[PDB]
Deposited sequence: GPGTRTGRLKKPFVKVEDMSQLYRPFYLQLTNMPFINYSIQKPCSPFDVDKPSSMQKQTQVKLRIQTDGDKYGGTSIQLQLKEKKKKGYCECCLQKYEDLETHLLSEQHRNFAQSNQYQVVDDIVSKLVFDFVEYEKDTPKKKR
């Protein structure tokens, strides 16, 4: 049924839709290509939303709220347990 060459991976317990790879050619090990060549030669986790341009998303109020919230306390906790040892200038 599937044009060749192909690879199919199925979860044996149905926990997944199968997924597929179809290529022109299967990989082939090229011993002739020169060293060191291979012989085979977004999303904000905070706001749980995709974006296109980071710069703008960072200024958006959804993000600016989170950025300014109390959420970073778990970071803060780990941090206030380390020992500062650099010189700080005024």
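Participant: Would you list the gaps, meaning deposited-sequence stretches without C-alpha coordinates, in the order they occur?
Facilitator: Coordinates drop out over 1 to 7, 49 to 87, 137 to 144.
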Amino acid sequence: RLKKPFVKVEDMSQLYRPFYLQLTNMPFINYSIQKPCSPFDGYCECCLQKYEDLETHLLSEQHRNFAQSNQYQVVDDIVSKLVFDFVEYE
From here on, numbers count along this sequence of modelled residues.
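Here the rigid core means the biggest group of C-alpha atoms that line up within 1.5 Å when the two forms are laid on top of each other.
Participant: Quick one: core-superposed, which stretch strays further from the shown model in 6 other deposited structures of this protein, 6 to 14 or 63 to 71? Go by RMS C-alpha distance.
Facilitator: The more displaced stretch in 6 other deposited structures of this protein turns out to be 6 to 14.
Participant: Comparing 80 to 88 with 2 to 10, which stretch shows the greater average C-alpha B-factor in the deposited entry?
Facilitator: Mean C-alpha B-factor is greater for 80 to 88.
Participant: Of the two stretches 58 to 66 and 30 to 38, which shows the higher Cα B-factor on average in the entry?
Facilitator: Stretch with the greater average CA B-factor: 58 to 66.
Participant: Lowest, middle or highest third: where is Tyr72 by C-alpha B factor in its chain?
Facilitator: Tercile = middle for this residue's CA B-factor.
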